[PDB]
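K.L.:
Submitted below is the structure of interest, expressed as structure tokens.
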């Protein structure tokens, strides 16, 4: 099994990773789009639903 | 305390990308409290704020333009820049760069640009560049008038000096007129002593950066 | 096609009666409501009245609460409006308008749903209420004295409207015919002007053609530099 | 998205007079309102910040007042250098928005234009075009009519005018009119004249030259 643990990192904060093994390492950081500065990545405030229906 | 000089093409074709740069003198673009802004004014229309950028990365763009505009700060060159994609004739405007100082006691964040550049005109058009032809206006109760005619250039502007920035009092450089040919023309004139026509030198300098043209005309009796 | 046509109207002395017809043609089965709306040139819209089914309306505005009465003739598919005791302010362009309601209302198909919005408007019939007495216009030149302006003043006529053309309609560019104004005499005055090249005055004849159909009067007036 | 309604769009006033420009935002903005001045060809300048604070170098004849939904810029004794377009600007929410501007023009005494006529240079005639320029220098008020005459036939359609903005020291205007002809038509005629009609001239003034003299 592989178990994933996550955190939210404030700006200017270091996450320090220390390990002798068994460790699965992040290659990329995930940034929300509704925290963007309107620098055109920015696409604000989604609603996530659970649906069995098609799209239209 | 700061000087702000704008630069960029002057002519961009429709659907292409508009890029402008602002050269900053007197302060560093790496300062924590200043923000850098662009504003524009279409010919004969109102001022429209485009956005601000802080060195720390915080930006805000007008929603009318946000899906097409970005800004950046170049710390190495002490510059900041505007990038506007997929332009149309609605984007022909004078573009002003400006500095403001974060001051949340009296102003929303990034919302009070208080040192502006003089603006640079950008024309969105498919027409090609054309340098001016420059012709003299030769002199005929004490005062004589002379000048230079700057005809058939595109797009705007031309700049005119008389004697490289030396003769300055009495100069009138007229707003350009659009001719039926689609090219611009203007005149620059100066008043001088008639007693001066026999012995002293006058050269108008007509400079047009989009066509990389410098033309000197010297003026005198027919 | 749901268009209706308004017939009738005209000039009437204050205190008289006049009924306006509204031929309801097209999609309207005439189990739906209909309304009248008047507007005077220089003023906005104003709802007048409404009709429903048979005698369910009985819906009149406070301005005409005791004067106007609304009839409906479903056999010939025509809506009426008997305008009695007409006053001066009743001069307006009376529009016959369709009436539609949200499908949640209007339980019985015939009766009135007390929430209607008008969707299909009519061409409108103009009704003028004065003590006037039809009169054709006098036409005077506005003489030109690179670009020159010349024109015609069409003065002292009643009622509206007049039509003005230039050179029998061969001259269109640069023509402006202004809205008439009402003088204290109760007669109208309007101007029509045209801008033309100064160089054309001497070679080219300009004539304004004025038509006032209410008095079947027809004037051509040549406008010359003087 | 806050709409700034400035009024009037334009005004004219004499030197020494008190001038007032109003700004009404579309919602209450407390004191988050700035006033800018824009003189021809110069950088827009912040004059007043946060409704009433005079910026460095701004003369004390300028004052800002108001809050909420009505603001006033007053210029208490107008000087020629105050010719400019003035704008209000809200800093209350993003995006910052500007009023449509108020153009302030100076009324001064009538000044007749000085008139000059320039024949086309020989260098241009090799291009197949002849430009004839008439200069009307330093006049007030703005109307001046320029009629071109070539061998006394009035011209129309073959000239264009350009007028400077009001001068920041003497509050006058200047105007150029350029008559354009093909060289072929230019040499078929002789007398070239610019005729100027203006409130400062008791009757019209004509400057002329003779082609080839």
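Chains as they are written, first to last, in the numbering used here: chain F, 93 to 148; chain P, 7 to 228; chain R, 4 to 229; chain X, 20 to 232.
Heads up, the beta-carbon is just placed ideally off N, CA and C, and yes, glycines get one too.
Using a Cβ-Cβ cut-off of less than 7 Å, list which residues of the segment 96-110 of chain P approach chain F; keep chain order.
P.N.:
none
K.L.:
Kindly provide the ranges of any beta strand (DSSP E) runs that are 3 or more residues long and lie completely inside the segment 30-58 of chain R, ordered along the chain.
P.N.:
37-42, 48-54
K.L.:
Just reading off the beta strand (DSSP E) that residue 159 of chain R is part of, what are its end residues?
P.N.:
As a working mapping, residue 159 of chain R is identified with position 156 in the third chain. Segment 150-160, the beta strand (DSSP E) holding residue 159 of chain R.
K.L.:
Start and end of the alpha helix (DSSP H) containing residue 205 of chain X?
P.N.:
If you number the fourth chain from 1, residue 205 of chain X lands on position 186. Unbroken alpha helix (DSSP H) run through residue 205 of chain X: 202-206.
K.L.:
May I have the straight-line CA-CA distance separating residue 196 of chain R from residue 165 of chain X, to the nearest angstrom?
P.N.:
The residue given as residue 196 of chain R occupies position 193 in the third chain. The residue given as residue 165 of chain X occupies position 146 in the fourth chain. Using only the alpha carbons, I get a separation of about 24 Å.
K.L.:
Output, in chain order, the set of chain P residues within a Cβ distance shorter than 8 Å of residue 105 of chain X.
P.N.:
Position 86 of the fourth chain, counted from the start, is the residue given in the question as residue 105 of chain X. None at all; the shortest Cβ gap to chain P is about 12 Å.
K.L.:
If I follow the unbroken beta strand (DSSP E) through residue 144 of chain X, where does it start and stop?
P.N.:
Position 125 of the fourth chain, counting from 1, holds the residue named residue 144 of chain X. That residue, residue 144 of chain X, is in no beta strand (DSSP E); its alpha helix (DSSP H) goes 141-144.
K.L.:
Compare the C-beta of residue 1 of chain P against all C-beta atoms of chain F and say whether one is closer than 8 Å.
P.N.:
The shown model of chain P, from 7 to 228, leaves out residue 1 of chain P, and the question about it has no answer.
K.L.:
Buried or exposed: where does residue 94 of chain X fall if 16 or more other Cβ atoms within 10 Å of its Cβ makes it buried?
P.N.:
Start at 1 with the first residue of the fourth chain, and residue 94 of chain X comes out as number 75. Under this definition residue 94 of chain X is a buried residue.
K.L.:
Below 7 Å CB to CB, which residues in the same chain sit around residue 184 of chain X once its five sequence neighbours on both sides are set aside?
P.N.:
If you number the fourth chain from 1, residue 184 of chain X lands on position 165. Excluding positions up to five away in sequence, the list reads 59.
K.L.:
Please give the ranges of any beta strand (DSSP E) in the segment 134-220 of chain X, keeping only runs that are unbroken, at least 3 residues long and fully inside the region.
P.N.:
148-158, 164-169, 178-182, 192-201, 210-216
K.L.:
Under 8 Å between C-beta atoms, does residue 90 of chain X make it to chain P?
P.N.:
Mapped onto the fourth chain, residue 90 of chain X falls at position 71. False, the Cβ-Cβ gap to chain P never drops below 8 Å.
K.L.:
Quickly, what does DSSP pair residue 97 of chain F with across the bridge? List them, please.
P.N.:
In the first chain, the residue the question calls residue 97 of chain F occupies position 5. None; residue 97 of chain F has no bridge partner.
K.L.:
Answer with yes or no whether the minimum CB distance from residue 130 of chain F to chain P is below 8 Å.
P.N.:
Against the first chain, residue 130 of chain F aligns to sequence position 38. For residue 130 of chain F, the answer is yes, since a Cβ of chain P falls inside 8 Å of its Cβ.
K.L.:
Tell me whether residue 124 of chain X sits in a helix, a strand or coil according to DSSP, three-state version.
P.N.:
One-based indexing of the fourth chain puts residue 124 of chain X at position 105. Residue 124 of chain X falls in the strand class under three-state DSSP.
K.L.:
So which residues on chain X does residue 200 of chain R lean against when the C-beta distance must stay under 8 Å?
P.N.:
Counting from one through the third chain, the residue named residue 200 of chain R turns up at place 197. The contacting residues are 175, 176.
K.L.:
Could you please give me the residues that DSSP links to residue 133 of chain F through a beta bridge?
P.N.:
Working through the first chain from its first residue, we reach residue 133 of chain F at position 41. Answer is none; residue 133 of chain F lacks a bridge partner.
K.L.:
Looking at the unbroken beta strand (DSSP E) that takes in residue 229 of chain X, where does it start and where does it end?
P.N.:
Position 210 of the fourth chain, counted from the start, is the residue given in the question as residue 229 of chain X. That run of the beta strand (DSSP E) goes 224-229.
K.L.:
Spell out whether any CB of chain X is found under 8 Å from the CB atom of residue 150 of chain R.
P.N.:
Looking up residue 150 of chain R in the third chain gives position 147. Yes, contact with chain X.
K.L.:
Looking only at DSSP bridge pairs, what is residue 25 of chain R linked to?
P.N.:
Counted from its first residue, the third chain places residue 25 of chain R at position 22. Answer is R:9, R:82.
K.L.:
Across which residues does DSSP place residue 25 of chain X in a beta bridge pair?
P.N.:
Along the fourth chain, read from residue 1 onward, the residue named residue 25 of chain X stands at position 6. Bridge partners of residue 25 of chain X: X:42.
K.L.:
Rounding to the nearest angstrom, what Cα-Cα distance links residue 70 of chain R and residue 84 of chain R in this structure?
P.N.:
In the third chain, counting from the first residue as 1, residue 70 of chain R sits at position 67. In the third chain, counting from the first residue as 1, residue 84 of chain R sits at position 81. Taking the straight line joining both Cα atoms gives about 10 Å.
K.L.:
Can you list the residues of chain X that residue 151 of chain P reaches, using a CB-CB cut of under 9 Å?
P.N.:
The residue you call residue 151 of chain P lines up with position 145 of the second chain. Simply 133, 135, 137, 154, 156.
K.L.:
Do the segment 213-227 of chain X and the segment 189-209 of chain P touch if we need at least three Cβ pairs shorter than 8 Å?
P.N.:
no
K.L.:
DSSP three-state label for residue 236 of chain R, please.
P.N.:
This structure cannot speak to residue 236 of chain R, because chain R is shown only from 4 to 229.
K.L.:
What span of residues does the beta strand (DSSP E) with residue 101 of chain P cover, start to end?
P.N.:
The count along the second chain starts at 1 and reaches residue 101 of chain P at position 95. Here the beta strand (DSSP E) through residue 101 of chain P covers 99-107.
K.L.:
Flag residue 115 of chain X as yes if its beta-carbon sits less than 8 Å from any beta-carbon of chain P, otherwise no.
P.N.:
Start at 1 with the first residue of the fourth chain, and residue 115 of chain X comes out as number 96. Interface residue, yes.
K.L.:
At 9 Å on the CB atoms, spell out the chain F contacts of residue 72 of chain P, in chain order.
P.N.:
By 1-based counting over the second chain, the position of residue 72 of chain P is 66. Going along chain F in sequence order, the residues near residue 72 of chain P (Cβ under 9 Å) are 130, 131, 132, 134.
K.L.:
Check this for me: beta carbons of residue 96 of chain X and residue 37 of chain X, under 8 Å apart or not?
P.N.:
As a working note, residue 96 of chain X is residue 77 in the fourth chain. As a working note, residue 37 of chain X is residue 18 in the fourth chain. For residue 96 of chain X and residue 37 of chain X, yes; Cβs fall inside 8 Å.
K.L.:
Kindly list, in the order they appear in chain F, the residues whose Cβ is closer than 7 Å to that of residue 67 of chain P.
P.N.:
For the purposes of this step, residue 67 of chain P is taken as residue 61 along the second chain, with counting starting at 1. At a C-beta separation below 7 Å, residue 67 of chain P has these neighbours in chain F: 130.
K.L.:
Taking the runs of the beta strand (DSSP E) that are 3 residues or longer, which of them lie wholly in the segment 114-147 of chain R?
P.N.:
128-132, 141-145
K.L.:
What residue from P:44, P:20, P:114, P:101 has the CA that sits closest to residue 77 of chain P's CA?
P.N.:
Reading the second chain from its first residue, position 71 is the one you call residue 77 of chain P. Selected option, being the one with the closest Cα: P:44.
K.L.:
Is the segment 209-219 of chain P in contact with the segment 139-155 of chain R, if contact means three or more CB pairs nearer than 8 Å?
P.N.:
no
K.L.:
How close, in whole Å, do the beta carbons of residue 189 of chain X and residue 156 of chain X come, if the pair is a contact with beta carbons under 8 Å?
P.N.:
Indexing the fourth chain from 1 puts residue 189 of chain X at position 170. Indexing the fourth chain from 1 puts residue 156 of chain X at position 137. Residue 189 of chain X to residue 156 of chain X, Cβ: 11 Å. No contact.
K.L.:
Please decide whether residue 46 of chain X counts as near chain P, where near means a Cβ-Cβ distance under 8 Å.
P.N.:
Translated into positions along the fourth chain, residue 46 of chain X becomes position 27. Taking 8 Å as the CB threshold, residue 46 of chain X stays off the interface with chain P.
K.L.:
Within 8 Å of any Cβ in chain X, is that where the Cβ of residue 133 of chain P sits?
P.N.:
Within the second chain, residue 133 of chain P is the residue found at index 127, counting from 1. Not an interface residue.
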